[PDB]
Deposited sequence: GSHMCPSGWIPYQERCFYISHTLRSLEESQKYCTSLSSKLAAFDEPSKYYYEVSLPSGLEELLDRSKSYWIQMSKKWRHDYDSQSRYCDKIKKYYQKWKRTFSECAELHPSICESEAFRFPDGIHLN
């Protein structure tokens, strides 16, 4: 099957890493890249631009008082000075837009590793 290292959240063939460190989008992207990872991708499913569906294991570990930088969803964009972060509204996390320079924690993802 697939596994993730200590402190990473498994889902499917992926592993998520929550970085609590406040950074701009660009610096969050660079940080994920330094982990041989990428900003976490949640493009689908989405019927409207603000919709995001997160795996439970990840969602339950997010701080509801914070917004997290994630991968920009290109399907909703016709480069841009706005970037995409998830933010909690009442009971639901939503995709929201912010100027890319804003300081937020972020979520990276890598592939999971197989074990024989």
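- No C-alpha positions are given for the deposited-sequence stretches 1, 80-83, 122-127.
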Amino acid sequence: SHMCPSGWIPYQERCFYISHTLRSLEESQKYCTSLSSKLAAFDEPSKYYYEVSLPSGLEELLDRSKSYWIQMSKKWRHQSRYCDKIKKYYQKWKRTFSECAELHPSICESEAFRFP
From here on, numbers count along this sequence of modelled residues.
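- For the pair 94-102 and 5-13, the record assigns the higher mean C-alpha temperature factor to 94-102.
- Between 61-69 and 83-91, the higher mean Cα B-factor belongs to 83-91.
- Residue-level temperature factors show residue 31 in the highest third of its chain, judged at the C-alpha atom.
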